[PDB]
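Enquirer: Input coords26.pdb, format and content: PDB, C-alpha atoms (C1' of nucleotides) and all ligand atoms.
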ATOM      1  CA  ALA A   3      15.372 -58.854   2.349  1.00  0.00           C
ATOM      2  CA  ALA A   4      13.592 -55.510   2.504  1.00  0.00           C
ATOM      3  CA  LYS A   5      10.160 -54.814   1.056  1.00  0.00           C
ATOM      4  CA  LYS A   6       9.873 -54.021  -2.636  1.00  0.00           C
ATOM      5  CA  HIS A   7      10.479 -50.309  -3.120  1.00  0.00           C
ATOM      6  CA  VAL A   8      11.163 -47.794  -5.874  1.00  0.00           C
ATOM      7  CA  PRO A   9      14.887 -47.197  -6.533  1.00  0.00           C
ATOM      8  CA  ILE A  10      16.490 -44.870  -4.003  1.00  0.00           C
ATOM      9  CA  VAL A  11      17.545 -41.518  -5.485  1.00  0.00           C
ATOM     10  CA  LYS A  12      19.419 -38.952  -3.401  1.00  0.00           C
ATOM     11  CA  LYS A  13      19.498 -35.915  -5.770  1.00  0.00           C
ATOM     12  CA  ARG A  14      22.780 -34.963  -4.070  1.00  0.00           C
ATOM     13  CA  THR A  15      25.555 -36.569  -2.025  1.00  0.00           C
ATOM     14  CA  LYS A  16      27.630 -33.519  -1.052  1.00  0.00           C
ATOM     15  CA  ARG A  17      27.267 -31.912   2.347  1.00  0.00           C
ATOM     16  CA  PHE A  18      26.450 -28.198   1.757  1.00  0.00           C
ATOM     17  CA  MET A  19      29.600 -26.855   3.391  1.00  0.00           C
ATOM     18  CA  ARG A  20      29.475 -23.448   5.076  1.00  0.00           C
ATOM     19  CA  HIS A  21      30.928 -20.492   3.192  1.00  0.00           C
ATOM     20  CA  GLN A  22      34.584 -19.723   4.060  1.00  0.00           C
ATOM     21  CA  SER A  23      34.731 -22.604   6.553  1.00  0.00           C
ATOM     22  CA  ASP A  24      37.454 -24.010   4.293  1.00  0.00           C
ATOM     23  CA  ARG A  25      39.523 -20.857   4.905  1.00  0.00           C
ATOM     24  CA  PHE A  26      38.778 -20.058   8.566  1.00  0.00           C
ATOM     25  CA  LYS A  27      39.287 -22.586  11.353  1.00  0.00           C
ATOM     26  CA  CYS A  28      36.975 -20.677  13.708  1.00  0.00           C
ATOM     27  CA  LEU A  29      34.136 -21.632  11.327  1.00  0.00           C
ATOM     28  CA  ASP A  30      32.707 -25.124  11.604  1.00  0.00           C
ATOM     29  CA  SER A  31      31.696 -26.705   8.303  1.00  0.00           C
ATOM     30  CA  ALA A  32      28.062 -26.972   9.447  1.00  0.00           C
ATOM     31  CA  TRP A  33      25.788 -25.025   7.131  1.00  0.00           C
ATOM     32  CA  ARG A  34      24.912 -21.435   7.999  1.00  0.00           C
ATOM     33  CA  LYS A  35      22.741 -19.220   5.823  1.00  0.00           C
ATOM     34  CA  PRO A  36      24.768 -16.134   4.788  1.00  0.00           C
ATOM     35  CA  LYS A  37      22.934 -12.980   5.858  1.00  0.00           C
ATOM     36  CA  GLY A  38      25.458 -10.467   4.538  1.00  0.00           C
ATOM     37  CA  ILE A  39      24.302  -7.661   2.282  1.00  0.00           C
ATOM     38  CA  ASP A  40      27.047  -8.266  -0.308  1.00  0.00           C
ATOM     39  CA  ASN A  41      27.384 -12.047   0.032  1.00  0.00           C
ATOM     40  CA  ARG A  42      27.946 -13.744  -3.330  1.00  0.00           C
ATOM     41  CA  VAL A  43      26.693 -17.111  -2.049  1.00  0.00           C
ATOM     42  CA  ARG A  44      23.488 -15.489  -0.794  1.00  0.00           C
ATOM     43  CA  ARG A  45      23.054 -13.645  -4.094  1.00  0.00           C
ATOM     44  CA  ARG A  46      23.628 -16.916  -6.025  1.00  0.00           C
ATOM     45  CA  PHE A  47      26.620 -15.901  -8.104  1.00  0.00           C
ATOM     46  CA  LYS A  48      27.694 -18.421 -10.722  1.00  0.00           C
ATOM     47  CA  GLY A  49      30.437 -20.810  -9.663  1.00  0.00           C
ATOM     48  CA  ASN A  50      29.786 -20.529  -5.921  1.00  0.00           C
ATOM     49  CA  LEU A  51      28.555 -22.812  -3.160  1.00  0.00           C
ATOM     50  CA  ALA A  52      24.938 -23.913  -3.429  1.00  0.00           C
ATOM     51  CA  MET A  53      22.466 -23.161  -0.697  1.00  0.00           C
ATOM     52  CA  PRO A  54      20.194 -25.935   0.604  1.00  0.00           C
ATOM     53  CA  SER A  55      16.602 -25.772  -0.607  1.00  0.00           C
ATOM     54  CA  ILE A  56      13.416 -27.776  -0.245  1.00  0.00           C
ATOM     55  CA  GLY A  57      13.842 -28.736  -3.906  1.00  0.00           C
ATOM     56  CA  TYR A  58      16.596 -31.139  -2.824  1.00  0.00           C
ATOM     57  CA  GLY A  59      14.131 -33.080  -0.679  1.00  0.00           C
ATOM     58  CA  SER A  60      14.228 -36.832  -1.125  1.00  0.00           C
ATOM     59  CA  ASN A  61      11.381 -38.954  -2.453  1.00  0.00           C
ATOM     60  CA  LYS A  62       8.663 -39.526   0.134  1.00  0.00           C
ATOM     61  CA  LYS A  63       8.669 -43.259  -0.626  1.00  0.00           C
ATOM     62  CA  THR A  64      12.389 -43.742   0.090  1.00  0.00           C
ATOM     63  CA  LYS A  65      12.990 -41.092   2.760  1.00  0.00           C
ATOM     64  CA  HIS A  66      15.038 -42.192   5.798  1.00  0.00           C
ATOM     65  CA  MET A  67      15.895 -45.420   3.953  1.00  0.00           C
ATOM     66  CA  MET A  68      19.378 -46.899   4.065  1.00  0.00           C
ATOM     67  CA  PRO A  69      20.709 -48.367   0.782  1.00  0.00           C
ATOM     68  CA  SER A  70      19.402 -51.807   1.754  1.00  0.00           C
ATOM     69  CA  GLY A  71      15.875 -50.377   1.925  1.00  0.00           C
ATOM     70  CA  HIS A  72      15.569 -50.383   5.724  1.00  0.00           C
ATOM     71  CA  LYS A  73      14.882 -47.525   8.114  1.00  0.00           C
ATOM     72  CA  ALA A  74      17.131 -47.322  11.160  1.00  0.00           C
ATOM     73  CA  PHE A  75      15.542 -47.831  14.580  1.00  0.00           C
ATOM     74  CA  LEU A  76      17.770 -47.258  17.599  1.00  0.00           C
ATOM     75  CA  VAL A  77      17.519 -50.013  20.214  1.00  0.00           C
ATOM     76  CA  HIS A  78      18.975 -50.109  23.719  1.00  0.00           C
ATOM     77  CA  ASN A  79      17.927 -53.600  24.864  1.00  0.00           C
ATOM     78  CA  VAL A  80      16.195 -56.839  23.899  1.00  0.00           C
ATOM     79  CA  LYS A  81      12.761 -55.412  24.687  1.00  0.00           C
ATOM     80  CA  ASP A  82      13.565 -52.520  22.351  1.00  0.00           C
ATOM     81  CA  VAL A  83      14.626 -54.870  19.555  1.00  0.00           C
ATOM     82  CA  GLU A  84      11.428 -56.893  20.062  1.00  0.00           C
ATOM     83  CA  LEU A  85       9.380 -53.874  18.939  1.00  0.00           C
ATOM     84  CA  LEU A  86      10.537 -54.680  15.389  1.00  0.00           C
ATOM     85  CA  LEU A  87       8.912 -58.134  15.376  1.00  0.00           C
ATOM     86  CA  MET A  88       6.361 -57.119  12.731  1.00  0.00           C
ATOM     87  CA  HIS A  89       8.801 -54.903  10.819  1.00  0.00           C
ATOM     88  CA  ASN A  90      11.764 -57.061   9.796  1.00  0.00           C
ATOM     89  CA  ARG A  91      11.276 -56.096   6.127  1.00  0.00           C
ATOM     90  CA  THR A  92      11.075 -52.325   6.664  1.00  0.00           C
ATOM     91  CA  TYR A  93      13.107 -51.546   9.789  1.00  0.00           C
ATOM     92  CA  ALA A  94      16.661 -52.439  10.785  1.00  0.00           C
ATOM     93  CA  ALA A  95      17.857 -52.246  14.382  1.00  0.00           C
ATOM     94  CA  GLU A  96      20.844 -50.065  15.272  1.00  0.00           C
ATOM     95  CA  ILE A  97      22.304 -50.861  18.683  1.00  0.00           C
ATOM     96  CA  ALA A  98      22.934 -47.808  20.847  1.00  0.00           C
ATOM     97  CA  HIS A  99      26.568 -46.809  21.281  1.00  0.00           C
ATOM     98  CA  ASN A 100      26.435 -46.913  25.096  1.00  0.00           C
ATOM     99  CA  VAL A 101      25.219 -50.531  25.274  1.00  0.00           C
ATOM    100  CA  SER A 102      27.509 -53.001  27.033  1.00  0.00           C
ATOM    101  CA  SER A 103      29.027 -55.948  25.185  1.00  0.00           C
ATOM    102  CA  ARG A 104      26.866 -58.648  26.792  1.00  0.00           C
ATOM    103  CA  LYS A 105      23.677 -56.689  26.143  1.00  0.00           C
ATOM    104  CA  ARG A 106      24.857 -56.178  22.557  1.00  0.00           C
ATOM    105  CA  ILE A 107      25.282 -59.941  22.185  1.00  0.00           C
ATOM    106  CA  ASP A 108      21.805 -60.513  23.622  1.00  0.00           C
ATOM    107  CA  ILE A 109      20.274 -57.960  21.242  1.00  0.00           C
ATOM    108  CA  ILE A 110      22.083 -59.547  18.294  1.00  0.00           C
ATOM    109  CA  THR A 111      20.855 -63.031  19.226  1.00  0.00           C
ATOM    110  CA  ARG A 112      17.264 -61.837  19.615  1.00  0.00           C
ATOM    111  CA  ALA A 113      17.435 -59.943  16.318  1.00  0.00           C
ATOM    112  CA  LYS A 114      18.743 -63.071  14.600  1.00  0.00           C
ATOM    113  CA  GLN A 115      15.781 -64.973  16.034  1.00  0.00           C
ATOM    114  CA  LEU A 116      13.368 -62.283  14.817  1.00  0.00           C
ATOM    115  CA  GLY A 117      15.008 -61.955  11.399  1.00  0.00           C
ATOM    116  CA  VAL A 118      15.751 -58.271  12.011  1.00  0.00           C
ATOM    117  CA  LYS A 119      18.807 -56.784  10.327  1.00  0.00           C
ATOM    118  CA  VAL A 120      21.364 -55.200  12.665  1.00  0.00           C
ATOM    119  CA  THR A 121      23.374 -52.377  11.117  1.00  0.00           C
ATOM    120  CA  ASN A 122      26.266 -52.537  13.624  1.00  0.00           C
ATOM    121  CA  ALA A 123      26.282 -56.220  14.549  1.00  0.00           C
ATOM    122  CA  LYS A 124      29.981 -56.924  13.985  1.00  0.00           C
ATOM    123  CA  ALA A 125      32.247 -56.485  17.008  1.00  0.00           C
TER     124      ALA A 125
ATOM    125  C1'   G B   1      24.256 -44.296   7.669  1.00  0.00           C
ATOM    126  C1'   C B   2      20.057 -40.767   7.926  1.00  0.00           C
ATOM    127  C1'   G B   3      18.064 -35.595   7.140  1.00  0.00           C
ATOM    128  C1'   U B   4      17.129 -30.152   1.879  1.00  0.00           C
ATOM    129  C1'   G B   5      19.264 -28.127   6.349  1.00  0.00           C
ATOM    130  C1'   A B   6      20.302 -26.758  11.594  1.00  0.00           C
ATOM    131  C1'   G B   7      21.575 -31.554  13.134  1.00  0.00           C
ATOM    132  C1'   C B   8      20.875 -37.081  14.589  1.00  0.00           C
ATOM    133  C1'   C B   9      22.804 -42.119  14.901  1.00  0.00           C
ATOM    134  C1'   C B  10      26.648 -45.768  14.552  1.00  0.00           C
ATOM    135  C1'   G B  11      32.125 -48.027  13.919  1.00  0.00           C
ATOM    136  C1'   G B  12      37.356 -47.450  15.857  1.00  0.00           C
ATOM    137  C1'   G B  13      40.713 -45.025  19.533  1.00  0.00           C
ATOM    138  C1'   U B  14      41.362 -42.417  24.309  1.00  0.00           C
ATOM    139  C1'   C B  15      39.026 -42.316  28.946  1.00  0.00           C
ATOM    140  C1'   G B  16      37.213 -42.936  33.726  1.00  0.00           C
ATOM    141  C1'   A B  17      31.315 -42.075  36.768  1.00  0.00           C
ATOM    142  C1'   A B  18      27.670 -40.676  35.589  1.00  0.00           C
ATOM    143  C1'   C B  19      23.894 -40.040  31.362  1.00  0.00           C
ATOM    144  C1'   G B  20      20.021 -40.130  27.664  1.00  0.00           C
ATOM    145  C1'   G B  21      14.975 -40.736  24.584  1.00  0.00           C
ATOM    146  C1'   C B  22       9.624 -39.234  24.752  1.00  0.00           C
ATOM    147  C1'   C B  23       5.334 -35.321  26.542  1.00  0.00           C
ATOM    148  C1'   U B  24       4.873 -31.132  29.262  1.00  0.00           C
ATOM    149  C1'   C B  25       7.380 -26.841  32.332  1.00  0.00           C
ATOM    150  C1'   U B  26      11.413 -23.273  32.528  1.00  0.00           C
ATOM    151  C1'   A B  27      15.567 -19.906  30.888  1.00  0.00           C
ATOM    152  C1'   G B  28      21.579 -16.236  32.365  1.00  0.00           C
ATOM    153  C1'   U B  29      19.557 -21.149  25.625  1.00  0.00           C
ATOM    154  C1'   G B  30      22.735 -21.201  19.771  1.00  0.00           C
ATOM    155  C1'   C B  31      28.642 -16.192  17.676  1.00  0.00           C
ATOM    156  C1'   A B  32      33.264 -14.689  12.904  1.00  0.00           C
ATOM    157  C1'   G B  33      33.092 -10.052  13.590  1.00  0.00           C
ATOM    158  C1'   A B  34      31.546  -5.272  18.198  1.00  0.00           C
ATOM    159  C1'   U B  35      39.896  -0.943  17.241  1.00  0.00           C
ATOM    160  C1'   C B  36      34.594  -6.829  21.736  1.00  0.00           C
ATOM    161  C1'   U B  37      36.496  -9.352  27.283  1.00  0.00           C
ATOM    162  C1'   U B  38      39.958 -12.896  29.487  1.00  0.00           C
ATOM    163  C1'   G B  39      43.605 -16.494  28.391  1.00  0.00           C
ATOM    164  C1'   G B  40      46.779 -18.913  25.052  1.00  0.00           C
ATOM    165  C1'   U B  41      49.674 -19.042  20.468  1.00  0.00           C
ATOM    166  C1'   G B  42      51.898 -17.566  15.513  1.00  0.00           C
ATOM    167  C1'   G B  43      54.493 -15.249  10.915  1.00  0.00           C
ATOM    168  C1'   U B  44      57.799 -11.411  11.403  1.00  0.00           C
ATOM    169  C1'   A B  45      62.549 -14.256  13.346  1.00  0.00           C
ATOM    170  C1'   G B  46      67.197 -16.882  15.059  1.00  0.00           C
ATOM    171  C1'   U B  47      65.560 -11.171  12.600  1.00  0.00           C
ATOM    172  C1'   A B  48      66.315  -5.542  14.874  1.00  0.00           C
ATOM    173  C1'   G B  49      69.866  -5.820  17.834  1.00  0.00           C
ATOM    174  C1'   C B  50      73.352  -6.684  22.586  1.00  0.00           C
ATOM    175  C1'   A B  51      78.663  -0.400  19.160  1.00  0.00           C
ATOM    176  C1'   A B  52      78.937   6.321  24.940  1.00  0.00           C
ATOM    177  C1'   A B  53      82.440   6.157  29.468  1.00  0.00           C
ATOM    178  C1'   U B  54      90.638   4.832  25.590  1.00  0.00           C
ATOM    179  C1'   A B  55      92.196  -1.971  26.899  1.00  0.00           C
ATOM    180  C1'   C B  56      93.686  -5.582  27.264  1.00  0.00           C
ATOM    181  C1'   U B  57      97.879  -9.548  27.340  1.00  0.00           C
ATOM    182  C1'   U B  58     101.213 -13.932  29.395  1.00  0.00           C
ATOM    183  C1'   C B  59     101.850 -17.977  32.781  1.00  0.00           C
ATOM    184  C1'   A B  60      99.770 -20.791  36.856  1.00  0.00           C
ATOM    185  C1'   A B  61      95.991 -22.600  40.151  1.00  0.00           C
ATOM    186  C1'   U B  62      90.670 -24.039  40.447  1.00  0.00           C
ATOM    187  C1'   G B  63      87.031 -26.434  37.846  1.00  0.00           C
ATOM    188  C1'   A B  64      82.963 -30.910  33.730  1.00  0.00           C
ATOM    189  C1'   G B  65      83.352 -26.351  31.590  1.00  0.00           C
ATOM    190  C1'   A B  66      87.159 -19.815  32.343  1.00  0.00           C
ATOM    191  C1'   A B  67      87.702 -13.245  27.889  1.00  0.00           C
ATOM    192  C1'   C B  68      84.568 -11.225  31.922  1.00  0.00           C
ATOM    193  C1'   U B  69      87.135 -16.433  39.145  1.00  0.00           C
ATOM    194  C1'   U B  70      91.892 -15.925  41.816  1.00  0.00           C
ATOM    195  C1'   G B  71      97.552 -15.348  42.258  1.00  0.00           C
ATOM    196  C1'   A B  72     101.919 -13.301  39.907  1.00  0.00           C
ATOM    197  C1'   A B  73     103.833 -10.297  35.818  1.00  0.00           C
ATOM    198  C1'   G B  74     103.075  -6.686  32.070  1.00  0.00           C
ATOM    199  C1'   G B  75     100.222  -2.760  29.656  1.00  0.00           C
ATOM    200  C1'   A B  76      96.546   1.111  30.869  1.00  0.00           C
ATOM    201  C1'   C B  77      92.663   4.613  33.008  1.00  0.00           C
ATOM    202  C1'   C B  78      90.476   7.670  37.078  1.00  0.00           C
ATOM    203  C1'   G B  79      94.621  12.091  37.815  1.00  0.00           C
ATOM    204  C1'   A B  80      92.733  14.986  44.219  1.00  0.00           C
ATOM    205  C1'   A B  81      85.574  20.004  41.679  1.00  0.00           C
ATOM    206  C1'   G B  82      88.878  11.472  41.441  1.00  0.00           C
TER     207        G B  82
HETATM  208 MG    MG A 201      23.154 -36.141   2.409  1.00  0.00          MG
HETATM  209 MG    MG A 202      23.565  -4.286  -2.310  1.00  0.00          MG
HETATM  210 MG    MG A 203      36.812 -41.917  39.914  1.00  0.00          MG
HETATM  211 MG    MG A 204      23.171 -14.908  26.624  1.00  0.00          MG
HETATM  212 MG    MG A 205      34.904 -16.257  19.012  1.00  0.00          MG
HETATM  213 MG    MG A 206      27.600 -11.573  12.332  1.00  0.00          MG
HETATM  214 MG    MG A 207      44.323 -10.502  23.545  1.00  0.00          MG
HETATM  215 MG    MG A 208      53.809 -11.232  19.602  1.00  0.00          MG
HETATM  216 MG    MG A 209      72.197  -9.641  13.680  1.00  0.00          MG
HETATM  217 MG    MG A 210      73.073   0.738  18.829  1.00  0.00          MG
HETATM  218 MG    MG A 211      80.395  -5.931  19.438  1.00  0.00          MG
HETATM  219 MG    MG A 212      83.476   1.445  25.431  1.00  0.00          MG
HETATM  220 MG    MG A 213      92.456 -28.912  35.960  1.00  0.00          MG
HETATM  221 MG    MG A 214      87.247  -7.333  29.935  1.00  0.00          MG
HETATM  222 MG    MG A 215      91.366  11.624  30.078  1.00  0.00          MG
HETATM  223 MG    MG A 216      96.133   9.439  32.994  1.00  0.00          MG
HETATM  224 MG    MG A 217      87.011  21.749  47.208  1.00  0.00          MG
END
As structure tokens - that is how I would like this structure written.
Expert:
Amino acid sequence: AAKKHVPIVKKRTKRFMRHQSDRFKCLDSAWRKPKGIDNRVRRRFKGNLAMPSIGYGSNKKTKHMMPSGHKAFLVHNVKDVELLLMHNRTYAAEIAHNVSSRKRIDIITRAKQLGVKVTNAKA
RNA sequence: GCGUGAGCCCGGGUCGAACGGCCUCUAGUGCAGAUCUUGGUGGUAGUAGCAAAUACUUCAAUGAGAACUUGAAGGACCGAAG
């Protein structure tokens, strides 16, 4: 179980999609700030896409925290997962994607010994 | 799943030989436009159309397949500045 923490509030779950990326396939959905002189999104017309702002920033107490209350730490081996020995209530280990199956099993066993949560343990 | 965001990480599939994090150093380093360059691909669309030069028809053979292959017969044109 994670450390006691204030409830996690996101202030927003949507992704801030790029303007007209829904209409043009040459445009990736990744956010781009519209620099056009006449742009309605830039000028903040009612009923349009919202632009990201620092006001959407998450609470400093719960930033980078997954819903279980843990912060993800990427591990590539057993020695990496052993760095979380003193942090099993604040940090959860995420096994790197390019780790072989046997090394994944070793990391999972060591994390079970240490009491460290693994976010992608099932395989 | 994380980040306000650019982005980052993971699960599954495909795949087959290299690759990444951190601190510095470096630059031919970030694209929707430029009637931009090269290449590829659409709707239009099975659409416009394939209509000058009189014209083809019967039987048989060949052949998987015959109006525009061939034989025979008929009907026609060029009509000696052909
Ligand atoms: Mg978000
Ligand atoms: Mg103006
Ligand atoms: Mg090879
Ligand atoms: Mg350049
Ligand atoms: Mg382009
Ligand atoms: Mg531009
Ligand atoms: Mg072109
Ligand atoms: Mg075309
Ligand atoms: Mg037609
Ligand atoms: Mg015509
Ligand atoms: Mg015709
Ligand atoms: Mg004719
Ligand atoms: Mg026959
Ligand atoms: Mg004919
Ligand atoms: Mg005549
Ligand atoms: Mg005559
Ligand atoms: Mg003469």
Enquirer: List the neighbours of residue 20 (chain B) out to 12 Å using all atoms listed in the file; skip same-chain residues closer than 5 positions along the sequence, and give me the result as a PyMOL selection string.
Expert: chain A and resi 78+98-101
Enquirer: In Å to one decimal, how far is CA of residue 113 (chain A) from CA of residue 91 (chain A)?
Expert: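 According to the coordinates, CA of residue 91 (chain A) and CA of residue 113 (chain A) are separated by 12.5 Å.
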Enquirer: How would you write, as a list in words, the set of residues no farther than 8 Å from ligand MG 205 (chain A) when counting all atoms listed in the file?
Expert: residues 28 of chain A; 31 and 32 of chain B
Enquirer: Just say which residues the PyMOL selection byres ((chain B) within 7 of (chain A and not hetatm)) picks in this file, as a VMD selection string.
Expert: chain B and resid 1 to 2 4 to 5 10
Enquirer: Could you please determine the separation between CA of residue 43 (chain A) and CA of residue 12 (chain A) in Å, to one decimal place?
Expert: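 Taking CA of residue 43 (chain A) and CA of residue 12 (chain A), their separation equals 23.1 Å.
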Enquirer: Given the file shown, enumerate the residues that the PyMOL selection byres (((chain B and resi 54) around 10) and not hetatm) captures and present them as a list in words.
Expert: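 In the shown coordinates, the PyMOL selection byres (((chain B and resi 54) around 10) and not hetatm) covers residues 53, 55, 76 and 77 of chain B.
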Enquirer: Report as a count of residues only all protein, DNA and RNA residues lying within 12 Å of residue 59 (chain B), evaluated on all atoms listed in the file, omitting residues in the same chain fewer than 2 positions from it.
Expert: 6
Enquirer: Neighbours of ligand MG 213 (chain A) within 12 Å, counting only C-alpha atoms (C1' of nucleotides) and all ligand atoms, as a PDB file with C-alpha atoms (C1' of nucleotides), in the frame of the given file?
Expert:
ATOM      1  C1'   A B  60      99.770 -20.791  36.856  1.00  0.00           C
ATOM      2  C1'   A B  61      95.991 -22.600  40.151  1.00  0.00           C
ATOM      3  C1'   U B  62      90.670 -24.039  40.447  1.00  0.00           C
ATOM      4  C1'   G B  63      87.031 -26.434  37.846  1.00  0.00           C
ATOM      5  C1'   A B  64      82.963 -30.910  33.730  1.00  0.00           C
ATOM      6  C1'   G B  65      83.352 -26.351  31.590  1.00  0.00           C
ATOM      7  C1'   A B  66      87.159 -19.815  32.343  1.00  0.00           C
TER       8        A B  66
END
Enquirer: Hey, could you make a per-residue contact list for chain A against ligand MG 202 (chain A) with 10 Å as the cut-off, showing the nearest pair of atoms and its distance in Å to one decimal, counting all atoms listed in the file, sorted by chain and number, as a Markdown table?
Expert:
| residue | atom | partner | partner_atom | distance |
| --- | --- | --- | --- | --- |
| A:38 | CA | A:MG202 | MG | 9.4 |
| A:39 | CA | A:MG202 | MG | 5.7 |
| A:40 | CA | A:MG202 | MG | 5.7 |
| A:41 | CA | A:MG202 | MG | 9.0 |
| A:45 | CA | A:MG202 | MG | 9.5 |
Enquirer: Between CA of residue 8 (chain A) and CA of residue 62 (chain A), what is the distance, to one decimal in Å?
Expert: 10.5 Å
